[PDB]
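A.B. asks: Input structure: start.csv, which contains CSV, C-alpha atoms and all ligand atoms.
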chain,number,residue,atom,x,y,z
Z,17,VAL,CA,121.3,26.7,180.9
Z,18,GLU,CA,122.9,25.3,184.1
Z,19,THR,CA,126.1,23.5,184.2
Z,20,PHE,CA,126.9,20.7,186.7
Z,21,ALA,CA,129.8,18.5,187.6
Z,22,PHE,CA,129.4,14.7,187.4
Z,23,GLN,CA,129.9,12.8,190.6
Z,24,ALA,CA,133.6,12.0,190.8
Z,25,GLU,CA,133.2,8.3,190.3
Z,26,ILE,CA,131.0,8.8,187.3
Z,27,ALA,CA,133.4,11.2,185.7
Z,28,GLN,CA,136.1,8.6,186.2
Z,29,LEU,CA,134.0,5.9,184.6
Z,30,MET,CA,133.3,8.2,181.6
Z,31,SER,CA,137.0,8.8,181.1
Z,32,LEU,CA,137.7,5.1,181.2
Z,33,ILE,CA,135.0,4.4,178.6
Z,34,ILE,CA,136.3,7.1,176.4
Z,35,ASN,CA,140.0,6.4,176.6
Z,36,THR,CA,140.2,2.6,176.8
Z,37,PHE,CA,140.8,0.7,173.6
Z,38,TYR,CA,137.7,-1.5,173.3
Z,39,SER,CA,136.5,-2.8,170.0
Z,40,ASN,CA,133.1,-4.3,171.1
Z,41,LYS,CA,131.3,-1.0,171.0
Z,42,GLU,CA,127.9,-2.3,169.9
Z,43,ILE,CA,126.9,-3.0,173.5
Z,44,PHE,CA,125.8,0.6,173.9
Z,45,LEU,CA,122.5,0.0,172.0
Z,46,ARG,CA,121.4,-2.9,174.3
Z,47,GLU,CA,122.1,-0.8,177.3
Z,48,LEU,CA,120.1,2.2,176.1
Z,49,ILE,CA,117.2,-0.1,175.0
Z,50,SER,CA,117.4,-1.7,178.4
Z,51,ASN,CA,117.0,1.7,180.1
Z,52,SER,CA,114.0,2.6,177.9
Z,53,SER,CA,112.4,-0.7,178.8
Z,54,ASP,CA,112.8,0.0,182.5
Z,55,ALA,CA,111.2,3.4,182.0
Z,56,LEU,CA,108.4,1.8,180.0
Z,57,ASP,CA,107.9,-0.8,182.8
Z,58,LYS,CA,107.5,2.1,185.3
Z,59,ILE,CA,104.8,4.0,183.4
Z,60,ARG,CA,103.0,0.7,182.5
Z,61,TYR,CA,102.9,-0.3,186.2
Z,62,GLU,CA,101.7,3.2,187.4
Z,63,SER,CA,99.0,3.2,184.7
Z,64,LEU,CA,97.5,0.0,186.2
Z,65,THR,CA,96.2,2.0,189.2
Z,66,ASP,CA,95.9,5.4,187.5
Z,67,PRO,CA,95.1,5.1,183.8
Z,68,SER,CA,95.1,8.9,183.5
Z,69,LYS,CA,98.9,8.7,183.5
Z,70,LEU,CA,98.6,7.5,179.9
Z,71,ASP,CA,96.7,10.7,178.9
Z,72,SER,CA,100.1,11.9,177.7
Z,73,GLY,CA,100.3,8.9,175.4
Z,74,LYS,CA,98.9,5.4,175.4
Z,75,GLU,CA,101.5,3.7,173.2
Z,76,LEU,CA,104.4,2.2,175.1
Z,77,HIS,CA,107.3,1.6,172.6
Z,78,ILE,CA,110.9,2.4,171.5
Z,79,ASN,CA,111.9,3.9,168.2
Z,80,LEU,CA,115.4,3.8,166.8
Z,81,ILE,CA,116.2,6.6,164.4
Z,82,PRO,CA,119.5,6.8,162.4
Z,83,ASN,CA,120.3,10.0,160.6
Z,84,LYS,CA,123.4,9.8,158.4
Z,85,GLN,CA,123.1,13.5,157.5
Z,86,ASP,CA,123.3,14.6,161.1
Z,87,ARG,CA,125.5,11.6,162.1
Z,88,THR,CA,123.0,10.9,164.9
Z,89,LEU,CA,121.4,7.8,166.2
Z,90,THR,CA,118.3,8.5,168.3
Z,91,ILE,CA,116.7,6.2,170.8
Z,92,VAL,CA,113.2,7.4,171.7
Z,93,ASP,CA,110.9,5.8,174.3
Z,94,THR,CA,107.5,6.7,175.7
Z,95,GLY,CA,108.4,5.6,179.2
Z,96,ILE,CA,107.8,7.5,182.4
Z,97,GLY,CA,110.2,10.3,181.6
Z,98,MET,CA,112.5,12.2,184.0
Z,99,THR,CA,112.1,15.1,186.3
Z,100,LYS,CA,114.7,17.9,186.8
Z,101,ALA,CA,115.7,16.3,190.1
Z,102,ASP,CA,116.3,13.0,188.2
Z,103,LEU,CA,118.6,14.7,185.7
Z,104,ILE,CA,120.6,16.6,188.3
Z,105,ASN,CA,120.6,14.4,191.4
Z,106,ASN,CA,118.8,11.1,191.3
Z,107,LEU,CA,120.4,9.3,188.3
Z,108,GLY,CA,123.8,10.1,189.8
Z,109,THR,CA,122.8,9.1,193.4
Z,110,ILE,CA,121.4,5.8,192.4
Z,111,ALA,CA,124.4,5.0,190.2
Z,112,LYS,CA,127.1,5.8,192.7
Z,113,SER,CA,127.5,2.3,194.2
Z,114,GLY,CA,127.2,0.4,191.0
Z,115,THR,CA,129.8,2.8,189.4
Z,116,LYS,CA,132.2,2.2,192.2
Z,117,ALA,CA,131.6,-1.6,192.0
Z,118,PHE,CA,132.0,-1.6,188.2
Z,119,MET,CA,135.3,0.3,188.4
Z,120,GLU,CA,136.6,-2.2,190.9
Z,121,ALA,CA,135.5,-5.1,188.7
Z,122,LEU,CA,137.3,-3.5,185.7
Z,123,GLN,CA,140.6,-3.0,187.6
Z,124,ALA,CA,140.2,-6.7,188.5
Z,125,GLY,CA,140.0,-8.0,184.9
Z,126,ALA,CA,136.3,-7.7,184.1
Z,127,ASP,CA,135.4,-6.3,180.7
Z,128,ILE,CA,133.4,-3.2,179.7
Z,129,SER,CA,130.5,-5.3,178.4
Z,130,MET,CA,129.6,-6.1,182.0
Z,131,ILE,CA,128.6,-2.5,182.5
Z,132,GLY,CA,124.8,-3.1,182.5
Z,133,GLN,CA,125.1,-5.6,185.3
Z,134,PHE,CA,126.0,-2.6,187.5
Z,135,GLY,CA,123.1,-0.4,186.4
Z,136,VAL,CA,125.3,2.2,184.7
Z,137,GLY,CA,125.0,1.0,181.1
Z,138,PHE,CA,123.9,4.5,179.9
Z,139,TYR,CA,127.5,5.7,180.0
Z,140,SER,CA,128.5,3.1,177.4
Z,141,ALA,CA,127.0,5.6,175.0
Z,142,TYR,CA,130.3,7.3,175.1
Z,143,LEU,CA,131.9,4.4,173.3
Z,144,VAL,CA,130.4,5.7,170.1
Z,145,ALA,CA,129.1,9.2,170.8
Z,146,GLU,CA,131.2,12.4,171.2
Z,147,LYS,CA,128.2,14.1,172.7
Z,148,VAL,CA,124.8,12.9,174.0
Z,149,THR,CA,121.7,15.1,174.2
Z,150,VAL,CA,118.7,13.8,176.0
Z,151,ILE,CA,115.2,15.3,175.8
Z,152,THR,CA,112.8,14.1,178.5
Z,153,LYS,CA,109.3,14.7,179.7
Z,154,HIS,CA,107.6,13.4,182.9
Z,155,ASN,CA,103.9,13.9,183.6
Z,156,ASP,CA,103.0,17.1,185.5
Z,157,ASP,CA,106.5,18.4,184.9
Z,158,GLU,CA,108.3,20.4,182.2
Z,159,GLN,CA,110.3,19.1,179.2
Z,160,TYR,CA,114.1,19.2,179.9
Z,161,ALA,CA,117.2,18.8,177.8
Z,162,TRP,CA,120.3,17.2,179.4
Z,163,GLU,CA,123.6,17.2,177.5
Z,164,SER,CA,127.1,16.2,177.9
Z,165,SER,CA,130.3,15.8,175.9
Z,166,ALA,CA,131.9,14.2,178.9
Z,167,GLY,CA,135.0,16.0,180.2
Z,168,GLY,CA,133.5,16.1,183.7
Z,169,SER,CA,130.3,18.3,183.2
Z,170,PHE,CA,126.8,18.1,181.9
Z,171,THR,CA,124.1,20.7,181.3
Z,172,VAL,CA,120.4,20.9,182.1
Z,173,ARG,CA,117.9,23.3,180.6
Z,174,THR,CA,114.1,23.6,180.1
Z,175,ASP,CA,113.5,22.5,176.5
Z,176,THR,CA,111.6,24.8,174.2
Z,177,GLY,CA,111.9,22.5,171.3
Z,178,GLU,CA,109.0,20.4,169.9
Z,179,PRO,CA,106.9,19.0,172.7
Z,180,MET,CA,107.2,15.2,173.4
Z,181,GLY,CA,104.1,13.8,175.0
Z,182,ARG,CA,105.9,11.7,177.6
Z,183,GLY,CA,109.2,9.8,177.6
Z,184,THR,CA,112.9,10.1,176.8
Z,185,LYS,CA,114.8,10.8,173.6
Z,186,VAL,CA,118.5,10.0,173.6
Z,187,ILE,CA,120.4,11.6,170.7
Z,188,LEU,CA,123.8,10.1,170.1
Z,189,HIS,CA,126.1,12.4,168.2
Z,190,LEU,CA,128.4,9.7,166.8
Z,191,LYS,CA,132.2,9.9,166.5
Z,192,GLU,CA,133.4,10.1,162.9
Z,193,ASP,CA,134.6,6.5,162.9
Z,194,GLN,CA,131.4,5.0,164.4
Z,195,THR,CA,128.9,5.5,161.5
Z,196,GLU,CA,128.3,1.8,161.2
Z,197,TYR,CA,125.6,2.3,163.8
Z,198,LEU,CA,123.7,4.4,161.3
Z,199,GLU,CA,123.3,1.4,158.9
Z,200,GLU,CA,119.9,-0.4,158.9
Z,201,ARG,CA,121.5,-3.8,158.6
Z,202,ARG,CA,123.9,-3.2,161.5
Z,203,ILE,CA,121.2,-1.9,163.8
Z,204,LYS,CA,119.0,-4.9,163.0
Z,205,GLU,CA,121.8,-7.3,163.7
Z,206,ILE,CA,122.6,-5.6,167.1
Z,207,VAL,CA,118.9,-5.6,168.2
Z,208,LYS,CA,118.3,-9.2,167.3
Z,209,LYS,CA,121.6,-10.3,169.0
Z,210,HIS,CA,121.2,-8.4,172.3
Z,211,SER,CA,117.7,-7.0,172.7
Z,212,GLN,CA,115.4,-9.8,171.4
Z,213,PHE,CA,113.5,-10.1,174.7
Z,214,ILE,CA,112.0,-6.7,175.4
Z,215,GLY,CA,108.3,-6.5,176.2
Z,216,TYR,CA,107.7,-3.4,174.0
Z,217,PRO,CA,107.8,-2.9,170.2
Z,218,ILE,CA,111.2,-1.7,168.9
Z,219,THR,CA,110.8,0.1,165.6
Z,220,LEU,CA,113.6,0.9,163.3
Z,221,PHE,CA,112.9,4.0,161.2
Z,222,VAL,CA,114.5,3.5,157.8
Z,223,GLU,CA,115.9,6.6,156.2
Z,224,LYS,CA,114.4,7.8,152.9
Z,301,LIG,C1,119.3,2.4,184.8
Z,301,LIG,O1,118.7,3.4,185.5
Z,301,LIG,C2,117.7,4.1,185.0
Z,301,LIG,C3,117.3,5.3,185.7
Z,301,LIG,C4,116.2,6.0,185.2
Z,301,LIG,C5,115.6,5.6,184.0
Z,301,LIG,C6,114.5,6.4,183.5
Z,301,LIG,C7,114.4,6.9,182.1
Z,301,LIG,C8,115.5,6.8,181.1
Z,301,LIG,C9,116.8,7.0,181.6
Z,301,LIG,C10,117.9,6.9,180.7
Z,301,LIG,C11,119.2,7.2,181.3
Z,301,LIG,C12,119.7,6.3,182.2
Z,301,LIG,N1,120.9,6.6,182.9
Z,301,LIG,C13,121.5,7.8,182.7
Z,301,LIG,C14,120.9,8.8,181.9
Z,301,LIG,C15,121.6,10.0,181.8
Z,301,LIG,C16,121.0,11.0,180.9
Z,301,LIG,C17,119.8,10.8,180.3
Z,301,LIG,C18,119.2,9.5,180.4
Z,301,LIG,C19,119.8,8.5,181.2
Z,301,LIG,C20,117.6,6.5,179.4
Z,301,LIG,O2,118.7,6.2,178.5
Z,301,LIG,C21,116.3,6.2,179.0
Z,301,LIG,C22,115.3,6.4,179.8
Z,301,LIG,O3,114.0,6.2,179.4
Z,301,LIG,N2,113.3,7.6,182.0
Z,301,LIG,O4,112.6,7.6,183.1
Z,301,LIG,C23,113.2,6.9,184.0
Z,301,LIG,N3,112.8,6.8,185.4
Z,301,LIG,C24,113.1,5.7,186.2
Z,301,LIG,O5,113.3,4.6,185.7
Z,301,LIG,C25,112.8,5.9,187.7
Z,301,LIG,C26,114.0,5.6,188.5
Z,301,LIG,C27,112.9,4.6,188.4
Z,301,LIG,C28,116.0,4.5,183.4
Z,301,LIG,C29,117.0,3.7,183.9
Can you give me the file's structure in the form of structure tokens?
Ligand SMILES: COc1ccc(-c2c(-c3cc(-c4cncc5ccccc45)c(O)cc3O)noc2NC(=O)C2CC2)cc1

C.D. replies:
Amino acid sequence: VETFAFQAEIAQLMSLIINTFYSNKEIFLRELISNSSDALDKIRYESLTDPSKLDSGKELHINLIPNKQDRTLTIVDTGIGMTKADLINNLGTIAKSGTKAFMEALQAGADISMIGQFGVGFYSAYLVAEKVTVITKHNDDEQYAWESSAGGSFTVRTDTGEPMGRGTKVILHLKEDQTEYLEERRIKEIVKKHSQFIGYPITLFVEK
């Protein structure tokens, strides 16, 4: 287990998201679905010239998995997946400018829902989650677990859990007052309202 500090700007953005009173929290789901869609686009495109890249799984889709017992909402995709360098360095590097621009926009009146326009929508997860754990697997690389409860640091480790074929699994450990996002009807509403134009199947797993 290695522990890292977030880039300064990103840590500041996370603090703002966590501490600003903002009722329209449902936007987190659209942003995570959008990220999955981008990752799916990437593996789809790469497979067009190298179909062996789908040996780790041909289906390109997104599953939404609420679990009231664990108080978790899981967003799983079979996209390209992330490398160790993605988790430690690249995600942060490619987000820096958008983060700075988003922070400036906020100070100048813009509202939190604009976050996705700046390419940093992931961090809206912290509107509803006290901790986010992400398992990811890129071809020809190992499975990793990323995790953060904010507060300025994240961890990365090699994951010895159940093998994913390829893709990314975002596990939102929800805040006690945010359990509405574990309800079937609510998730359906949110997906229809914000994520109706995604080129991959989105499947809601109903709890038994
Ligand atoms: C918007 O920018 C990005 C950056 C990277 C990705 C991405 C994901 C992915 C990432 C996040 C996510 C996005 N942002 C921060 C995250 C932080 C921790 C864990 C997942 C994160 C996620 O929620 C779901 C995913 O399937 N998987 O592979 C990817 N590779 C790329 O796309 C190559 C740069 C081309 C998606 C969007």

A.B. asks: Give one line per residue of chain Z that approaches ligand LIG 301 (chain Z) to at most 7 Å, naming the two atoms of the closest pair and their distance in Å to one decimal, counting all atoms listed in the file; sort by chain then ascending residue number and deliver it as a tab-separated table.

C.D. replies:
residue	atom	partner	partner_atom	distance
Z:48	CA	Z:LIG301	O2	4.9
Z:51	CA	Z:LIG301	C29	4.3
Z:52	CA	Z:LIG301	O3	3.9
Z:54	CA	Z:LIG301	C28	5.6
Z:55	CA	Z:LIG301	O5	4.4
Z:58	CA	Z:LIG301	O5	6.3
Z:93	CA	Z:LIG301	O3	6.0
Z:95	CA	Z:LIG301	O3	5.6
Z:96	CA	Z:LIG301	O4	4.9
Z:97	CA	Z:LIG301	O4	3.9
Z:98	CA	Z:LIG301	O4	4.7
Z:103	CA	Z:LIG301	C16	6.5
Z:107	CA	Z:LIG301	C3	5.7
Z:135	CA	Z:LIG301	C1	5.0
Z:136	CA	Z:LIG301	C1	6.0
Z:137	CA	Z:LIG301	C1	6.9
Z:138	CA	Z:LIG301	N1	4.7
Z:139	CA	Z:LIG301	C13	6.9
Z:150	CA	Z:LIG301	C17	5.4
Z:162	CA	Z:LIG301	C16	6.4
Z:183	CA	Z:LIG301	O3	6.3
Z:184	CA	Z:LIG301	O3	4.8
Z:186	CA	Z:LIG301	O2	6.2

A.B. asks: Neighbourhood query: residues within 9 Å of (117.5, 8.8, 165.8), file coordinates, counting all atoms listed in the file; return as number ranges by chain.

C.D. replies: Z: 79-83, 88-92, 185-188, 198, 221

A.B. asks: Please dump the current selection as a PDB file, in the coordinates of the input; keep C-alpha atoms.

C.D. replies:
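Contents of result_32.pdb, as written:
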ATOM      1  CA  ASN Z  79     111.900   3.900 168.200  1.00  0.00           C
ATOM      2  CA  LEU Z  80     115.400   3.800 166.800  1.00  0.00           C
ATOM      3  CA  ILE Z  81     116.200   6.600 164.400  1.00  0.00           C
ATOM      4  CA  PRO Z  82     119.500   6.800 162.400  1.00  0.00           C
ATOM      5  CA  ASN Z  83     120.300  10.000 160.600  1.00  0.00           C
ATOM      6  CA  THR Z  88     123.000  10.900 164.900  1.00  0.00           C
ATOM      7  CA  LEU Z  89     121.400   7.800 166.200  1.00  0.00           C
ATOM      8  CA  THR Z  90     118.300   8.500 168.300  1.00  0.00           C
ATOM      9  CA  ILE Z  91     116.700   6.200 170.800  1.00  0.00           C
ATOM     10  CA  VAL Z  92     113.200   7.400 171.700  1.00  0.00           C
ATOM     11  CA  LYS Z 185     114.800  10.800 173.600  1.00  0.00           C
ATOM     12  CA  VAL Z 186     118.500  10.000 173.600  1.00  0.00           C
ATOM     13  CA  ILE Z 187     120.400  11.600 170.700  1.00  0.00           C
ATOM     14  CA  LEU Z 188     123.800  10.100 170.100  1.00  0.00           C
ATOM     15  CA  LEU Z 198     123.700   4.400 161.300  1.00  0.00           C
ATOM     16  CA  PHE Z 221     112.900   4.000 161.200  1.00  0.00           C
TER      17      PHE Z 221
END

A.B. asks: I need every residue sitting at most 12 Å from the point (114.8, -6.1, 173.8) (coordinates as in the file, only C-alpha atoms considered), written as a PDB file with C-alpha atoms, keeping the file's coordinate frame.

C.D. replies:
ATOM      1  CA  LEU Z  45     122.500   0.000 172.000  1.00  0.00           C
ATOM      2  CA  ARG Z  46     121.400  -2.900 174.300  1.00  0.00           C
ATOM      3  CA  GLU Z  47     122.100  -0.800 177.300  1.00  0.00           C
ATOM      4  CA  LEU Z  48     120.100   2.200 176.100  1.00  0.00           C
ATOM      5  CA  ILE Z  49     117.200  -0.100 175.000  1.00  0.00           C
ATOM      6  CA  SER Z  50     117.400  -1.700 178.400  1.00  0.00           C
ATOM      7  CA  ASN Z  51     117.000   1.700 180.100  1.00  0.00           C
ATOM      8  CA  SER Z  52     114.000   2.600 177.900  1.00  0.00           C
ATOM      9  CA  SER Z  53     112.400  -0.700 178.800  1.00  0.00           C
ATOM     10  CA  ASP Z  54     112.800   0.000 182.500  1.00  0.00           C
ATOM     11  CA  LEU Z  56     108.400   1.800 180.000  1.00  0.00           C
ATOM     12  CA  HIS Z  77     107.300   1.600 172.600  1.00  0.00           C
ATOM     13  CA  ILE Z  78     110.900   2.400 171.500  1.00  0.00           C
ATOM     14  CA  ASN Z  79     111.900   3.900 168.200  1.00  0.00           C
ATOM     15  CA  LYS Z 204     119.000  -4.900 163.000  1.00  0.00           C
ATOM     16  CA  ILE Z 206     122.600  -5.600 167.100  1.00  0.00           C
ATOM     17  CA  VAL Z 207     118.900  -5.600 168.200  1.00  0.00           C
ATOM     18  CA  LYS Z 208     118.300  -9.200 167.300  1.00  0.00           C
ATOM     19  CA  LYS Z 209     121.600 -10.300 169.000  1.00  0.00           C
ATOM     20  CA  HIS Z 210     121.200  -8.400 172.300  1.00  0.00           C
ATOM     21  CA  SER Z 211     117.700  -7.000 172.700  1.00  0.00           C
ATOM     22  CA  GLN Z 212     115.400  -9.800 171.400  1.00  0.00           C
ATOM     23  CA  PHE Z 213     113.500 -10.100 174.700  1.00  0.00           C
ATOM     24  CA  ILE Z 214     112.000  -6.700 175.400  1.00  0.00           C
ATOM     25  CA  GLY Z 215     108.300  -6.500 176.200  1.00  0.00           C
ATOM     26  CA  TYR Z 216     107.700  -3.400 174.000  1.00  0.00           C
ATOM     27  CA  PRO Z 217     107.800  -2.900 170.200  1.00  0.00           C
ATOM     28  CA  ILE Z 218     111.200  -1.700 168.900  1.00  0.00           C
ATOM     29  CA  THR Z 219     110.800   0.100 165.600  1.00  0.00           C
TER      30      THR Z 219
END

A.B. asks: Per residue of region 84-109 of chain Z within 12 Å of region 23-39 of chain Z, record the nearest atom pair and its distance in Å to one decimal, counting all atoms listed in the file, with rows in chain order and ascending residue number, as a Markdown table.

C.D. replies:
| residue | atom | partner | partner_atom | distance |
| --- | --- | --- | --- | --- |
| Z:104 | CA | Z:23 | CA | 10.3 |
| Z:105 | CA | Z:23 | CA | 9.5 |
| Z:106 | CA | Z:23 | CA | 11.3 |
| Z:107 | CA | Z:23 | CA | 10.4 |
| Z:108 | CA | Z:23 | CA | 6.7 |
| Z:109 | CA | Z:23 | CA | 8.5 |

A.B. asks: Write a file of the selected residues as a PDB file, in the frame of the given file, keeping C-alpha atoms.

C.D. replies:
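Everything below was put into result22.pdb:
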ATOM      1  CA  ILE Z 104     120.600  16.600 188.300  1.00  0.00           C
ATOM      2  CA  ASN Z 105     120.600  14.400 191.400  1.00  0.00           C
ATOM      3  CA  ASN Z 106     118.800  11.100 191.300  1.00  0.00           C
ATOM      4  CA  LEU Z 107     120.400   9.300 188.300  1.00  0.00           C
ATOM      5  CA  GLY Z 108     123.800  10.100 189.800  1.00  0.00           C
ATOM      6  CA  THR Z 109     122.800   9.100 193.400  1.00  0.00           C
TER       7      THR Z 109
END

A.B. asks: Restricting the calculation to all atoms listed in the file: of Z:174, Z:195, Z:85, Z:152, which residue gets closest to residue 224 (chain Z)?

C.D. replies: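 Comparing Z:174, Z:195, Z:85, Z:152 against residue 224 (chain Z), the winner is Z:85.
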
A.B. asks: So, with all atoms listed in the file as the atoms that count, which of Z:61, Z:134, Z:20, Z:142 lies closest to residue 190 (chain Z)?

C.D. replies: Z:142

A.B. asks: How many Å separate CA of residue 101 (chain Z) from CA of residue 172 (chain Z)?

C.D. replies: 10.4 Å

A.B. asks: Counting all atoms listed in the file, which of Z:112, Z:100, Z:87, Z:182 gets nearest to residue 153 (chain Z)?

C.D. replies: Z:182

A.B. asks: Tell me, in Å to one decimal, how far CA of residue 163 (chain Z) is from CA of residue 72 (chain Z).

C.D. replies: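 We find that CA of residue 163 (chain Z) and CA of residue 72 (chain Z) lie 24.1 Å from each other.
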
A.B. asks: My structure is short of atoms at region 72-91 of chain Z; please model N, CA and C atoms there, returning them as a PDB file, in the coordinates of the input.

C.D. replies:
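After the write, out.pdb holds the following:
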ATOM      1  N   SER Z  72      99.003  11.377 178.442  1.00  0.00           N
ATOM      2  CA  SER Z  72     100.100  11.900 177.700  1.00  0.00           C
ATOM      3  C   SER Z  72     100.627  10.973 176.613  1.00  0.00           C
ATOM      4  N   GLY Z  73      99.909   9.882 176.392  1.00  0.00           N
ATOM      5  CA  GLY Z  73     100.300   8.900 175.400  1.00  0.00           C
ATOM      6  C   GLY Z  73     100.086   7.497 175.770  1.00  0.00           C
ATOM      7  N   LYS Z  74      99.265   6.767 175.019  1.00  0.00           N
ATOM      8  CA  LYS Z  74      98.900   5.400 175.400  1.00  0.00           C
ATOM      9  C   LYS Z  74      99.955   4.382 174.896  1.00  0.00           C
ATOM     10  N   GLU Z  75     100.606   4.683 173.778  1.00  0.00           N
ATOM     11  CA  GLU Z  75     101.500   3.700 173.200  1.00  0.00           C
ATOM     12  C   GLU Z  75     102.805   3.618 174.006  1.00  0.00           C
ATOM     13  N   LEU Z  76     103.184   2.397 174.359  1.00  0.00           N
ATOM     14  CA  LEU Z  76     104.400   2.200 175.100  1.00  0.00           C
ATOM     15  C   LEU Z  76     105.406   1.464 174.117  1.00  0.00           C
ATOM     16  N   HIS Z  77     106.399   2.198 173.624  1.00  0.00           N
ATOM     17  CA  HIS Z  77     107.300   1.600 172.600  1.00  0.00           C
ATOM     18  C   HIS Z  77     108.633   2.347 172.557  1.00  0.00           C
ATOM     19  N   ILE Z  78     109.525   1.806 171.733  1.00  0.00           N
ATOM     20  CA  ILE Z  78     110.900   2.400 171.500  1.00  0.00           C
ATOM     21  C   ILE Z  78     111.071   2.521 170.019  1.00  0.00           C
ATOM     22  N   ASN Z  79     111.487   3.709 169.591  1.00  0.00           N
ATOM     23  CA  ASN Z  79     111.900   3.900 168.200  1.00  0.00           C
ATOM     24  C   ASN Z  79     113.376   4.142 168.101  1.00  0.00           C
ATOM     25  N   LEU Z  80     113.995   3.550 167.083  1.00  0.00           N
ATOM     26  CA  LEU Z  80     115.400   3.800 166.800  1.00  0.00           C
ATOM     27  C   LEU Z  80     115.482   4.571 165.460  1.00  0.00           C
ATOM     28  N   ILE Z  81     116.176   5.704 165.487  1.00  0.00           N
ATOM     29  CA  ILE Z  81     116.200   6.600 164.400  1.00  0.00           C
ATOM     30  C   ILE Z  81     117.566   7.057 163.950  1.00  0.00           C
ATOM     31  N   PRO Z  82     118.158   6.345 162.981  1.00  0.00           N
ATOM     32  CA  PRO Z  82     119.500   6.800 162.400  1.00  0.00           C
ATOM     33  C   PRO Z  82     119.302   7.943 161.468  1.00  0.00           C
ATOM     34  N   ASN Z  83     120.283   8.839 161.483  1.00  0.00           N
ATOM     35  CA  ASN Z  83     120.300  10.000 160.600  1.00  0.00           C
ATOM     36  C   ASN Z  83     121.730  10.227 160.079  1.00  0.00           C
ATOM     37  N   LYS Z  84     122.060   9.718 158.893  1.00  0.00           N
ATOM     38  CA  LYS Z  84     123.400   9.800 158.400  1.00  0.00           C
ATOM     39  C   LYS Z  84     123.845  11.247 158.127  1.00  0.00           C
ATOM     40  N   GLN Z  85     122.873  12.084 157.781  1.00  0.00           N
ATOM     41  CA  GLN Z  85     123.100  13.500 157.500  1.00  0.00           C
ATOM     42  C   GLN Z  85     123.606  14.236 158.704  1.00  0.00           C
ATOM     43  N   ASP Z  86     122.966  13.976 159.841  1.00  0.00           N
ATOM     44  CA  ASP Z  86     123.300  14.600 161.100  1.00  0.00           C
ATOM     45  C   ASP Z  86     124.359  13.830 161.860  1.00  0.00           C
ATOM     46  N   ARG Z  87     124.627  12.624 161.371  1.00  0.00           N
ATOM     47  CA  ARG Z  87     125.500  11.600 162.100  1.00  0.00           C
ATOM     48  C   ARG Z  87     124.948  11.398 163.483  1.00  0.00           C
ATOM     49  N   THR Z  88     123.639  11.204 163.599  1.00  0.00           N
ATOM     50  CA  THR Z  88     123.000  10.900 164.900  1.00  0.00           C
ATOM     51  C   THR Z  88     122.250   9.634 164.889  1.00  0.00           C
ATOM     52  N   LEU Z  89     122.245   8.963 166.032  1.00  0.00           N
ATOM     53  CA  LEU Z  89     121.400   7.800 166.200  1.00  0.00           C
ATOM     54  C   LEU Z  89     120.534   8.124 167.441  1.00  0.00           C
ATOM     55  N   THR Z  90     119.218   8.121 167.259  1.00  0.00           N
ATOM     56  CA  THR Z  90     118.300   8.500 168.300  1.00  0.00           C
ATOM     57  C   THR Z  90     117.514   7.353 168.810  1.00  0.00           C
ATOM     58  N   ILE Z  91     117.452   7.230 170.126  1.00  0.00           N
ATOM     59  CA  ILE Z  91     116.700   6.200 170.800  1.00  0.00           C
ATOM     60  C   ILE Z  91     115.546   6.859 171.520  1.00  0.00           C
TER      61      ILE Z  91
END
